[PDB]
Amino acid sequence: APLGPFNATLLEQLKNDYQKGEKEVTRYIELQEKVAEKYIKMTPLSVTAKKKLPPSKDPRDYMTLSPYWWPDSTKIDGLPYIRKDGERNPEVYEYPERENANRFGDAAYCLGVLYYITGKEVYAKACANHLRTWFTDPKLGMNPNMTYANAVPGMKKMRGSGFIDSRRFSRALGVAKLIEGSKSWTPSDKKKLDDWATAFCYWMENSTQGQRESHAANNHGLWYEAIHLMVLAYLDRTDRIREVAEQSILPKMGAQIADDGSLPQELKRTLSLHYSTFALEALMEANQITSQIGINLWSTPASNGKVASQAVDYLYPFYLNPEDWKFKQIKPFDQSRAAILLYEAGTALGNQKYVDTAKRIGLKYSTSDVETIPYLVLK
Amino acid sequence: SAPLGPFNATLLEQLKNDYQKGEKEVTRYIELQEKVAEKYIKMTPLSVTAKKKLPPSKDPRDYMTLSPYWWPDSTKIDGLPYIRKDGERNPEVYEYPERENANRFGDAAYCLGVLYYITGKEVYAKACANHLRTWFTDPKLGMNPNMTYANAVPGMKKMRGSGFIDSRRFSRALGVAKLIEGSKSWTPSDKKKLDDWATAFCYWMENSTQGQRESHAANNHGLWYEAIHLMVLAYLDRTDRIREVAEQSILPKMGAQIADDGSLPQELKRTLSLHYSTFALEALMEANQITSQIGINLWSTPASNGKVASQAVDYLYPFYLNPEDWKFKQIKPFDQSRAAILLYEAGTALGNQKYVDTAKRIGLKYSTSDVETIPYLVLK
Numbered sequence: 024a025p026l027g028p029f030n031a032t033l034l035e036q037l038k039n040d041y042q043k044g045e046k047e048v049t050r051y052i053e054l055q056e057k058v059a060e061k062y063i064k065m066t067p068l069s070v071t072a073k074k075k076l077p078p079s080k081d082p083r084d085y086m087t088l089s090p091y092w093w094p095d096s097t098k099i100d101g102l103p104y105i106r107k108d109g110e111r112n113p114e115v116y117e118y119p120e121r122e123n124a125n126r127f128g129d130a131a132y133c134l135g136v137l138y139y140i141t142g143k144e145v146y147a148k149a150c151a152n153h154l155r156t157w158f159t160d161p162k163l164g165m166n167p168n169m170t171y172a173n174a175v176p177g178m179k180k181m182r183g184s185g186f187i188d189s190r191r192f193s194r195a196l197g198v199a200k201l202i203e204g205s206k207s208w209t210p211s212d213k214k215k216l217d218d219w220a221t222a223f224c225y226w227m228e229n230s231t232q233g234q235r236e237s238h239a240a241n242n243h244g245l246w247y248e249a250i251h252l253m254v255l256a257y258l259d260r261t262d263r264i265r266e267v268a269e270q271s272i273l274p275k276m277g278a279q280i281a282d283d284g285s286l287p288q289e290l291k292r293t294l295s296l297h298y299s300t301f302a303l304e305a306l307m308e309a310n311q312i313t314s315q316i317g318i319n320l321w322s323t324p325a326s327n328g329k330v331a332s333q334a335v336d337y338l339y340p341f342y343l344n345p346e347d348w349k350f351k352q353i354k355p356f357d358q359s360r361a362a363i364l365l366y367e368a369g370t371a372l373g374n375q376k377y378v379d380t381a382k383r384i385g386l387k388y389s390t391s392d393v394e395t396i397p398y399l400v401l402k
Numbered sequence: 023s024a025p026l027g028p029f030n031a032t033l034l035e036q037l038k039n040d041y042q043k044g045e046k047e048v049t050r051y052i053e054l055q056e057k058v059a060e061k062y063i064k065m066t067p068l069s070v071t072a073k074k075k076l077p078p079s080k081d082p083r084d085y086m087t088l089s090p091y092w093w094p095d096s097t098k099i100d101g102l103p104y105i106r107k108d109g110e111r112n113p114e115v116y117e118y119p120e121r122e123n124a125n126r127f128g129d130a131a132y133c134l135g136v137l138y139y140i141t142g143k144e145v146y147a148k149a150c151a152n153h154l155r156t157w158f159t160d161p162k163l164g165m166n167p168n169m170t171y172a173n174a175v176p177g178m179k180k181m182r183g184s185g186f187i188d189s190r191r192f193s194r195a196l197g198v199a200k201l202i203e204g205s206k207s208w209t210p211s212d213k214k215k216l217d218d219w220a221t222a223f224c225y226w227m228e229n230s231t232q233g234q235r236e237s238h239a240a241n242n243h244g245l246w247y248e249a250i251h252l253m254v255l256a257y258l259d260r261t262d263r264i265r266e267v268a269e270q271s272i273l274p275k276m277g278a279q280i281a282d283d284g285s286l287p288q289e290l291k292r293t294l295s296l297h298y299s300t301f302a303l304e305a306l307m308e309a310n311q312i313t314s315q316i317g318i319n320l321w322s323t324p325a326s327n328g329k330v331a332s333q334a335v336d337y338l339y340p341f342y343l344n345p346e347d348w349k350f351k352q353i354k355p356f357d358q359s360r361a362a363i364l365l366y367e368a369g370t371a372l373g374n375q376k377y378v379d380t381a382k383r384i385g386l387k388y389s390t391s392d393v394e395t396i397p398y399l400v401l402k
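Each protein sequence line maps, in turn, to chains A and B. Going from the first sequence to the deposited numbering is simple: count from 1 and add 23. Going from the second sequence to the deposited numbering is simple: count from 1 and add 22.
Given below as structure tokens:
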């Protein structure tokens, strides 16, 4: 498979078996094709579909509200907003790109994977329609920056809470590699998307906000690099992937994992089990890319000898029984997330107990959750 | 004496009296409330018709929302029928503009109507009236007097939803309209139109199949059903019906829902058991604000089976002091601030000084813009 943001092993297996005509896979892919129909007819979304404009007055600038920031009832204007860790302010849904980036990302990802597996042009044609409108269209495409993501009303500073929201559309950017070679994705379409990705990577690496996120001391630093690797892998920058892994990701794991395997920066949050899992999910998506060039992030030590497998080790009992979690978790933790996580970590580490537990937890065979498309092995 | 309405009449009357007398603490508090109210004077009146996705009637004047705990089923190709996840609010609810817009309307009308009553300034009645006409009676922008499509559940093929309970947001605004009667802005024609809306809504609440069914609910929905019923009846000055509803529906429902230890078993079976136990009593508290203005005390009057609402406050009081001791499922944090008004309302009604003290100890922020707290300077 081309370099991209997916388990390449599971994708190649699926395509081989689908092409061999194996019945188990062929039936599963035919179900995936019925799931994918809604995306062929889905009208492409655009970041410009908003009324309240960002400070730039540019509808092509992505803008969202940092989710845990709320109006202060004790101020006449509600300003400045105050933080309530773990309590999502429903005002986030007043920024249409928040949910529309998810819907775009799901549609592009599903269609691109189904094109890779089946070879059917109809999936590339529709995948391409979503990509052009979201990224490159000169009036509907988003500007390649995240300047106004997670803004905090009343804040007298830049940024606000990061740009971790980028993972939604950067996974879609990566799957565009899968439709290269189709008749619907022209050489001109690719150049424009290449040029967008180069400008977004530049912003990510050189803007003050991009620099700050690259140095974040918690799961935001790891998700920054997962996103960074998706953009670099899209641009075929395999040497930069090695450099980012060795000079940024691994040191971050070495600083963020304690000697007992816990993630103390996530243990202080009101959703401590969710955010510990979120940190490892960043490493999981980063690993999907690095392992395609020979770097295993679950087992490769940092300079201090710490390995990401120690953090999985620490959490595994709590994936079996979340009720035993002894740190603040003000909302229920979804055990289903441990399925893909323990399978990804288990296969990377040769831990068959992890793989067993992933399959016992499992995923629903008929689920339309697009991230689970490669994981028939769990279904 | 304050007009019959959905508020603590005793606290409202004191605030108006002290304000008109010129007492300093009240006059400064009302001046703060006046600063808070300025956003409502300039606020563009909202309407239920401001939506794209129309209900099955295809009438934008029909109020429609999604039942909050119903989610697409990802194992179905269309996500239908939706499945229930108790206590987990589906963010799809925010795609139905009237859910939050009824809140914004209700807060704006309640604040402005109360400020007219206290201060007498025509500017508050004028703006309060603008919000009322647009939301309720306008022949193009006003909502139809029904809740047929409130809390719909996609894929459900049976008339159901329990919609109703969303009504409390605008039914409180309907009741405070009585406070601007006599202003220059609220004309006899404005009143007649609103009386006619309220009569039609009352007819729907009592005679529709959905209204009948909600009137029979055995949990907090039946109590909220009657609280909203009382707001509409009090707006229409139908005091004999208020007594009838209190004596024949609310108190029997309250008595059937209270167990021997004072717990509310229907709310204990929920994933947000402390929230819903408190929510049931908030229904009784707002109903009592109306019944007590005609001489019926719902906190102290026992039901036919001997159960009395004070028993339910008694059971919950220890958990209002220390919510962490709650031993039933509460999958989200409980807001202890809710106990301030509840324990003050129940405490004053019952002559329980321990409740009133705790109410003031939890307290409310002096400067909060939360409109439901306007009558409660005693707590700030």
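C-beta atoms are modelled at their ideal positions from N, C-alpha and C, and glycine is treated no differently.
For residue 165(A), the three-state DSSP class (helix, strand or coil): Locating residue 165(A) in the first sequence gives position 142, where the first residue counts as 1. Note: residue 165(A) maps to coil in three-state DSSP.
Proximal residues of chain A, C-beta to C-beta of residue 390(B) below 8 Å: On the second sequence, residue 390(B) is found 368 positions in, with the first residue counted as 1. Ordered by position in chain A, the residues that pass the 8 Å Cβ test against residue 390(B) are 96, 97.
Contacting positions in the segment 106-136 of chain A - beta carbon closer than 9 Å to chain B: 109, 110, 111, 113, 115, 116, 117, 122
Backbone CA spacing between residue 148(A) and residue 63(A) [nearest angstrom]: The sequence position of residue 148(A) within the first sequence is 125, counting from 1. The sequence position of residue 63(A) within the first sequence is 40, counting from 1. Those two C-alpha atoms are separated by around 9 Å.
Residues bridged to residue 352(A) [DSSP beta-bridge criterion]: Within the first sequence, numbered from 1, the residue matching residue 352(A) stands at position 329. DSSP output for residue 352(A) lists 294(A) as bridge partner(s).
The segment 146-162 of chain A contacting the segment 193-207 of chain A, beta-carbon criterion three pairs below 8 Å: yes
Sub-9 Å separation of residue 272(B) and residue 330(B) beta-carbons: Your numbering for residue 272(B) matches position 250 in the second sequence. Your numbering for residue 330(B) matches position 308 in the second sequence. No. Outside cutoff.
Given 8 Å, three or more beta-carbon pairs between the segment 31-40 of chain B and the segment 114-125 of chain B: no
Amino acids of chain B, ordered along the chain, whose beta-carbon sits closer than 7 Å to that of residue 355(A): Against the first sequence, residue 355(A) aligns to sequence position 332. Residues of chain B passing the Cβ test: 353.
CB contact check: residue 57(A) to chain B, cutoff 9 Å: On the first sequence, position 34 is the one that residue 57(A) refers to. It does; some Cβ of chain B falls within 9 Å.
For residue 353(A), the nearest candidate out of 110(B), 211(B), 69(B) (CA to CA): Indexing the first sequence from 1 puts residue 353(A) at position 330. Ranked by Cα distance from residue 353(A), the options 110(B), 211(B), 69(B) are led by 110(B).
Nearest-angstrom Cβ-Cβ length linking residue 99(A) and residue 402(B), presumed shorter than 8 Å: Numbered from its first residue, the first sequence carries residue 99(A) at position 76. Numbered from its first residue, the second sequence carries residue 402(B) at position 380. About 16 Å separates the two Cβ atoms, so there is no contact after all.
Neighbourhood of residue 285(A) by C-beta, 7 Å cutoff - its chain only, sequence neighbours within 5 removed: The count along the first sequence starts at 1 and reaches residue 285(A) at position 262. Contacts found: 337.
Contacting positions in the segment 61-88 of chain A - beta carbon closer than 7 Å to chain B: none
Contact belief for residue 65(A) with residue 151(A) at Cβ below 8 Å, rounded distance in angstroms: Here residue 65(A) refers to the residue found at position 42 when the first sequence is read from its first residue. Here residue 151(A) refers to the residue found at position 128 when the first sequence is read from its first residue. Actually they are not in contact, since the Cβ atoms of residue 65(A) and residue 151(A) sit about 13 Å apart, beyond 8 Å.
Selection from 106(A), 376(A), 189(A), 356(A) that minimises the alpha carbon distance to residue 294(A): By 1-based counting over the first sequence, the position of residue 294(A) is 271. Of the listed residues, the one whose Cα sits closest to residue 294(A) is 356(A).
Contact under 9 Å by Cβ, residue 227(B) with residue 254(B): Counting from 1 along the second sequence, the entry for residue 227(B) is found at position 205. Counting from 1 along the second sequence, the entry for residue 254(B) is found at position 232. Closer than 9 Å, so yes.
Residue 276(A), enclosing beta strand (DSSP E) - first and last residue: In the first sequence, counting from the first residue as 1, residue 276(A) sits at position 253. It is not in any beta strand (DSSP E) - residue 276(A) instead sits in the alpha helix (DSSP H) that spans 273-279.
In DSSP terms, what residue 54(A) is bridged to: By one-based count along the first sequence, residue 54(A) stands at place 31. In the DSSP output, where bridge partners are listed per residue, residue 54(A) has none listed.
Beta carbon proximity, residue 101(A) to chain B, threshold 9 Å: Taking the first residue of the first sequence as position 1, residue 101(A) is located at position 78. Closer than 9 Å: yes.
Limits of the unbroken alpha helix (DSSP H) element including residue 195(B): Here residue 195(B) refers to the residue found at position 173 of the second sequence. 190-198 is the extent of the alpha helix (DSSP H) around residue 195(B).
Burial state of residue 367(B) (16 or more Cβ within 10 Å): Here the question's residue 367(B) lines up with position 345 in the second sequence. Residue 367(B) comes out buried.
Span of the alpha helix (DSSP H) around residue 337(B): Taking the first residue of the second sequence as position 1, residue 337(B) is located at position 315. Boundaries of the alpha helix (DSSP H) harbouring residue 337(B): 332-343, taken from the DSSP string.
At least three beta-carbon pairs within less than 8 Å, the segment 161-173 of chain B to the segment 85-96 of chain B: yes
Where the beta strand (DSSP E) through residue 88(A) begins and ends: Within the first sequence, the letter at position 65 stands for residue 88(A). Here the beta strand (DSSP E) through residue 88(A) covers 86-88.
Residues within the segment 156-190 of chain A neighbouring chain B, beta-carbon criterion of under 7 Å: none
Beta-ladder partner(s) of residue 92(B), from DSSP: Taking the first residue of the second sequence as 1, we reach residue 92(B) at position 70. For residue 92(B), the beta-bridge partners assigned by DSSP are 106(B).
Complete beta strand (DSSP E) runs within the segment 112-185 of chain A (minimum length 3 residues, chain order): 171-174
Three-state secondary structure assigned by DSSP to residue 229(A): Your numbering for residue 229(A) matches position 206 in the first sequence. Residue 229(A) carries a helical assignment under DSSP once its states are collapsed to helix, strand and coil.
Limits of the alpha helix (DSSP H) - the one that residue 253(A) falls within: Along the first sequence, one-based indexing puts residue 253(A) at 230. 242-257 is the extent of the alpha helix (DSSP H) around residue 253(A).
Run of the alpha helix (DSSP H) containing residue 42(B), from where it starts to where it stops: Indexing the second sequence from 1 puts residue 42(B) at position 20. Note, residue 42(B): alpha helix (DSSP H), 31-43.
Segment contact, 8 Å Cβ cut-off, at least three pairs: the segment 302-319 of chain A with the segment 236-246 of chain A: yes
Under 9 Å by beta carbon: chain B residues contacting residue 387(A): Indexing the first sequence from 1 puts residue 387(A) at position 364. The contacting residues are 96, 97.
Residue range of the unbroken alpha helix (DSSP H) whose run includes residue 72(B): Your numbering for residue 72(B) matches position 50 in the second sequence. That residue, residue 72(B), is in no alpha helix (DSSP H); it is neither H nor E in DSSP.
Inter-residue CB distance, residue 166(B) and residue 84(B) (contact presumed, cutoff 8 Å): Walking along the second sequence from the start, residue 166(B) turns up at place 144. Walking along the second sequence from the start, residue 84(B) turns up at place 62. Indeed they touch by this definition, with Cβ atoms about 5 Å apart.
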